[PDB]
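# Breakdown of the fold
Letter by letter, the chains look like this.
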Amino acid sequence: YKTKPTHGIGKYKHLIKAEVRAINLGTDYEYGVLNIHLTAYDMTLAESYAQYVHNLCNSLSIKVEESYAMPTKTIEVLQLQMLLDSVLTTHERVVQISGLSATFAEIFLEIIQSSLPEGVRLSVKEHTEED
Amino acid sequence: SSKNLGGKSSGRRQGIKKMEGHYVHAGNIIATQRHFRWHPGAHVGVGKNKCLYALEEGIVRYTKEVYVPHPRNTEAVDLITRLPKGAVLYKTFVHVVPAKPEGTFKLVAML
Amino acid sequence: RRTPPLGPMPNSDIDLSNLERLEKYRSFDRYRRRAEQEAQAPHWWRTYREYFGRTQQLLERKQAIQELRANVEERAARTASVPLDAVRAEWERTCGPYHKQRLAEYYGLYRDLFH
Amino acid sequence: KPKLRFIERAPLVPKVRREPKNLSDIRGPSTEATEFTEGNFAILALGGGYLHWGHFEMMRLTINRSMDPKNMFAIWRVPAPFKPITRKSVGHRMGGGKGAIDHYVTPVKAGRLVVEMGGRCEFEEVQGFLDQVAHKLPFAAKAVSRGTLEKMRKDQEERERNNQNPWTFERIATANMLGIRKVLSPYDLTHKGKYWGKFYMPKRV
Amino acid sequence: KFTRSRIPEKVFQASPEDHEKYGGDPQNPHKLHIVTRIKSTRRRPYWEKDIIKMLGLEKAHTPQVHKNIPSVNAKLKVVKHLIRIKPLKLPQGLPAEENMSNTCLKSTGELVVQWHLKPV
RNA sequence: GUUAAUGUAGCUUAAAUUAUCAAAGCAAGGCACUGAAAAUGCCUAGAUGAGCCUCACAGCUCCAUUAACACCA
RNA sequence: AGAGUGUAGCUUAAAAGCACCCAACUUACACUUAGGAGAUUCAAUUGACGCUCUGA
RNA sequence: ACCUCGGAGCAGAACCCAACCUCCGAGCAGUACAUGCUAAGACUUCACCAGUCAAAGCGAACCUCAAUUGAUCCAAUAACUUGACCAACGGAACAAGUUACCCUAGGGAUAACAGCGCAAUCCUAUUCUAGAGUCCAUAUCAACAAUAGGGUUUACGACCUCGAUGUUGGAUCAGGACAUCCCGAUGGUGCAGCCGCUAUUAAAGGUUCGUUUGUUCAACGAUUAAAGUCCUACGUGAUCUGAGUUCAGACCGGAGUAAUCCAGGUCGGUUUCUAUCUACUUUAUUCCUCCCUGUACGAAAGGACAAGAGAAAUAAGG
RNA sequence: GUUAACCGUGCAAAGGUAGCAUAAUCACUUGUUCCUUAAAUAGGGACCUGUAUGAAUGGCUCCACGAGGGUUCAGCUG
RNA sequence: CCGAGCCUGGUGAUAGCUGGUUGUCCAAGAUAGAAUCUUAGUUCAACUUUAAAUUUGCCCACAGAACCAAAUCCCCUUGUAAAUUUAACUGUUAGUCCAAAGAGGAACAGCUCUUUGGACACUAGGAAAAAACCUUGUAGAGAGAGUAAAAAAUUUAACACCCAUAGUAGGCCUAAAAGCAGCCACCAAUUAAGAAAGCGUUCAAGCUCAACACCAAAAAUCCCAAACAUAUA
Ligand SMILES: [Mg+2]
Ligand SMILES: [Mg+2]
Ligand SMILES: [Mg+2]
Ligand SMILES: [Mg+2]
Ligand SMILES: [Mg+2]
Ligand SMILES: [Mg+2]
Ligand SMILES: [Mg+2]
Ligand SMILES: [Mg+2]
Ligand SMILES: [Mg+2]
Ligand SMILES: [Mg+2]
Ligand SMILES: [Mg+2]
Ligand SMILES: [Mg+2]
Ligand SMILES: [Mg+2]
Ligand SMILES: [Mg+2]
Ligand SMILES: [Mg+2]
Ligand SMILES: [Mg+2]
Ligand SMILES: [Mg+2]
Ligand SMILES: [Mg+2]
Ligand SMILES: [Mg+2]
Ligand SMILES: [Mg+2]
Ligand SMILES: [Mg+2]
Ligand SMILES: [Mg+2]
Ligand SMILES: [Mg+2]
Ligand SMILES: [Mg+2]
Ligand SMILES: [Mg+2]
Ligand SMILES: [Mg+2]
Ligand SMILES: [Mg+2]
């Protein structure tokens, strides 16, 4: 009898995975694709906070999907005050996020707030951008 | 018009040749296959076209054992590392319980 | 024709709707640890195993490691020797007999000596 | 919006591979949408068959003419025609491969609800025009309410307890009494004796 | 396709009403069958033509005894539309060696041991 | 109806790919205006839906359109 | 005042296994490799401290 | 159009399984140089031939891919080996068209004619109420559809017949069906009348003559009460015709190097039979005239019925 | 491209010229108009997409001639 | 009788094609496929036959056979008497219908193509006649007996009776829409009659209803057994 009372014993594809907004009405809006943008006049401090964010999210099991970088700004001394010249540059980097709740929303912002270092800026938003 | 042409291949005659509980001498081909359906178990070899043969003269049994692939098998180590943590794979295997003890000590002289 | 399984089918407690949220093996070795646990289970189906199968003691040991953590100066870590002969006398007193029973069973004395 | 939407012939992705006519897509009971979801009034299929686009625009126009859009709403319970029917151009001898795709049909089994309705009247208001729709369908059909469908399944179930004949079809076919399975199908076990080809006999226990 | 049919085991469970319509009882069941073929084996498949030869029923309407063990019941279950099964009930005991010579089967299945030709 | 071929600047050849020249048409230009002449630029989803690549590009899907064929009783 | 009790984060673990932390690779994560850190609330099943409860 | 080999479906769960069935592909590329030699046991594409696998041993290290191909004989070679898109792919070492000038052996295993099967196509009746019909579904026509029928067309199938079932139209004589063209009887009418439309009933009787066409058709002339629809081996060639179709001759245009060919045209072209058997071989319709009457009707133009009289003609019998 | 004398452009060894024609001449075709008849898919005279006419593959008229193939007046005759 | 004369000879040319193949009697006997200038044929296999040798062969139970429906395979028991091997061969290798699962076609064919299983080419009974459906097989004589399958059932559309006055010629919107061309509203006098559900108005009236009261068949020569509702399964 081919099949058996042990049929389906090895099925490796419903277990594994295969191959906007977050709607969720009433509880409502369970923040979806948000790009938190880490920007600094430094390089190492900006990277070390994306370091801190990404490890924070996986600790809190809320999903991250990108960690890429916006490329670098090319500005001198802006010659608005013998006219001065020295190139100070800015290093921006993207951290994405996919899963958030309403009830973790204001809290998970605080751990980003309280731990945010010297001279860096965040900016949460939705998604319409490319490199 | 019949644009379709070519499907005149004959049947491969691939399947279990020695079913479960059979006595199998060492070297008999238990099964022939493509696209693994039975993996080798104890005292069962594998040839180039994935057939299964018996390595010892015994009795063939079929079990359901736990599948851990080789860590160089790069097409299926990523098969593991997308499973959730309760998961094991459970492929099926073909064993040969050997019948004959491999020899006995015998008197040859009195010296 | 389709007959129901005799016992618990495996992979049944984790077949959840929220698949993406699951805690997800990321390494080969974590799975190899779990999978070698399953090959000691009962398994109602059919298995290769069927056809082929104090209080002052911890208090003195607590100050022992705390004392022994200083004379290694952590300078013997970042290449110590570990004298075996003193260790063997310690082994033979404490975990000798537990270990010694294994070899007396692996060599099959007990099934020949004492039935 | 409370009329029937326009069901288009031939969906915009074409089917390219010519499928065989499986006629087990008509046979026996339906396991697809047999039940009322957000509506009360329907056309129960009492036999299998294929629906053209011609039967769809039959069903769409002769409801929208005879339905108050302020007090009634309708919804399809059948999809667009997806199954392609292969018709050879006439006058040719047999042979020469499968023909071309001519039109698409949708298969409807027996017992499937076809067009659901609902709204602020009782069943005798919608019984009139739904029956001339059900009569024109290419299979026997019936205008059923949410109460009559349960009062026909009540009647079809007490009919299976009341019969004084000791011999049902299930007791004879499954136990293979006369060697009778030599002249039955393997579908004649689990259909019942009720279904016979495309046709469904509601009279028969 | 026409295949070798198999019977669900639910058919061979007797009801207490079946113990009323028929004289048997589940405790102390009968030891032997009376199997007579009442249907021709033609127009029936070769497996049924071959089982009938194995039970020994080439001649129709001749009687034949078989054991009531589950193996030979599993061959009567495939040719049960061709046969009549009756329980061999013995009013007296088994025939002794002095009483082999004059017995008769006595349809109603009563193997009488001393069969005389005289009225009662 | 079947095979066979073609697919193009406003029109036509092309160019084995990345696409030219010559009328069209756009104006400037030899002093009374136009045709001619010659000369910038301008005029190509290479007839279609898919990207395996890289596709006029190379096989389909196709749509038009052209030639053959559409028998023997 | 009454109560449930009690192994570091967790544990039908009994000084364990997991988790966890810093490096080195990775845009990062992950993996792996080198490391790091820890608990039986205390006294003879009792008694008595820590929390979480039911109080005013 | 195809022909050999492989994957998937049909063929859902050992194997197998067809199709001028549905879909994809292959006639290699890449990495090695122990792709060394030997050798238990087995598988096998339903035969064979071919293919596949392989423990050990010996010697040494420390293949991937689905298909990726070709027998014998002959060549080429000192040797090891290497030779076909032999692709009609189990392969003849090397050979095309044409025949209506044809012949022979066969085949109803196989076509054309006919029968039969089936009814997609056709034809009809209902069911349905959108739309037409000023309004109004049903006086009349009817879309989307639904259910039954008929077996006139075009088809399909290849079951009888190729040791012959002669064929289109016409002549001759007709037999029958009714789904009625005329004549009769009736219901409705968007039936005022004259005329119609439509439906129920009726198969007694009737269904013209001509020009062109080989024509049944159609067109056209003149009629008529009407110039019916079909089946009968597309009734009927042992009754006739042979104009078409369809032999040998021939041009014309076209295709082909040519022979020759064309559902393209056109001139011409033998139609046998002494009847054995069956069967068979003497039983009234219709129109017009007059009259009602210039009436009914309309109001007018137009213009009837039923009642009566009188003439005819065709038919059957003399 | 303006039915287009014409211009633009490709190809060719040369691009069917004279004539003639709905023909014994693929098909559309019973083309069209005139004559013939009461009525003409016939015949005769023309018009020319003949897109497959056409020049010793002979083209085109015309006198005689023909048991050739069509058509016709009159007479005649079962 | 000339697409190449006729006669003799080669010649008993050759024919995968057709026809034909003669005493009696009995026994076993139905055809998976593969190649092939091959599908009108043949060779191997399969099947069948004969004669042998030996030991198991059919039926089968738990267990067992994959991931991306009916069942088969395997297989001890068990019931039974064959089976494999060796030897020597021939013939079949142009099949039909039925039920079942499907493919092609029109979910056409007495259609075509596979698969599983019957039957047919094999006698007998039944379905009228009948290859294929049903019943049944091992053979004779009988002026015996019990049986099996086995004779088509249906016949249908009646319907309420009575009563009907008023806001109002409805805000709205439209020449005009007063119950019925269209939206919103749809309250209200009498005890009870809808700002009206069908017919009837360009707008109006009329008829009714709602409400009170009352109490299935068609075609071609000629329909086609005769008949028959009541004595006991
Ligand atoms: Mg295949
Ligand atoms: Mg095959
Ligand atoms: Mg083989
Ligand atoms: Mg080796
Ligand atoms: Mg070949
Ligand atoms: Mg000739
Ligand atoms: Mg001949
Ligand atoms: Mg035939
Ligand atoms: Mg025919
Ligand atoms: Mg209208
Ligand atoms: Mg046939
Ligand atoms: Mg013939
Ligand atoms: Mg004859
Ligand atoms: Mg009539
Ligand atoms: Mg005739
Ligand atoms: Mg004659
Ligand atoms: Mg005759
Ligand atoms: Mg002559
Ligand atoms: Mg006769
Ligand atoms: Mg012509
Ligand atoms: Mg004439
Ligand atoms: Mg010349
Ligand atoms: Mg001969
Ligand atoms: Mg015999
Ligand atoms: Mg042959
Ligand atoms: Mg057939
Ligand atoms: Mg009134």
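Residues numbered from 1 in each chain as written, not as in the entry; some residues may be left out. Chains lettered and ligands numbered in written order. Part of a larger assembly, values for the part shown. Heavy atoms only, no water. Residues with missing side-chain atoms left out of burial classes, pairs and counts.

For this deposition, the record names cryo-EM as the technique by which the model was determined and cites 3.7 Å as its resolution.

## What to know about a positive patch on the surface
Together, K2 and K11 of chain A, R37 of chain B together with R2 of chain C make up a positively charged patch on the protein surface. Here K11 of chain A shows up in the segment before β1 (34–40). The class of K11 of chain A is partly exposed, set by a relative accessible area of 42%. (Patch = residues over 30% accessible without salt bridge, like charges linked within 9 Å, V, L, I, M, F, W, Y side chains within 5 Å. Areas by Shrake-Rupley, 256 points an atom, 1.4 Å probe, with all protein chains shown as cover. Salt bridge = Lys/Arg side-chain N within 4 Å of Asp/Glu carboxyl O. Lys, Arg positive; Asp, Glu negative; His and termini not counted. Charge placed at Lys NZ, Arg CZ, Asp CG, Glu CD. Helix = DSSP H or I, 4+ residues; strand = E, 2+ residues; numbered from the N terminus. Buried < 20%, exposed > 50% of the residue type's maximum accessible area, 1.4 Å probe, protein only.)

## A look at the arrangement of the chains
Contacts between protein chains span seven pairs of chains, and they are most numerous for chains B and C. Spatially, chain C and chain D are disjoint, and the shortest separation between their C-alpha atoms is 12 Å. Regarding chain B and chain E, which are not in contact, the minimum distance between any of their C-alpha atoms is 21 Å. (Contact = heavy atoms within 4.5 Å.)

## What about the sheet that holds strand β4 (residues 44–46) of chain B?
Residues and elements named next belong to chain B. Ordered in space as β2-β5-β4, the three strands form an open sheet in which the pairing is antiparallel. Edge strands, defined here as strands with exactly one partner in the open sheet, are β2 (29–31) and β4. For this sheet, the mean angle separating the axes of adjacent strands, direction not counted, is 40°. Taken together, the two bridges between β2 and strand β5 (residues 52–54) define a ladder with antiparallel strand orientation. The residue bridging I29 from the neighbouring strand is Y53, located in β5. (Pairing = 2+ DSSP bridges. Axes fitted to C-alpha atoms, helices over the stretch in contact; angles between N-to-C directions.)

## Topic: the environment of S15 of chain E
Here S15 of chain E lies in the segment before α1 (18–21). Along the chain, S15 of chain E and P26 of chain E lie 11 residues apart, while their C-alpha atoms are 10.0 Å from each other.

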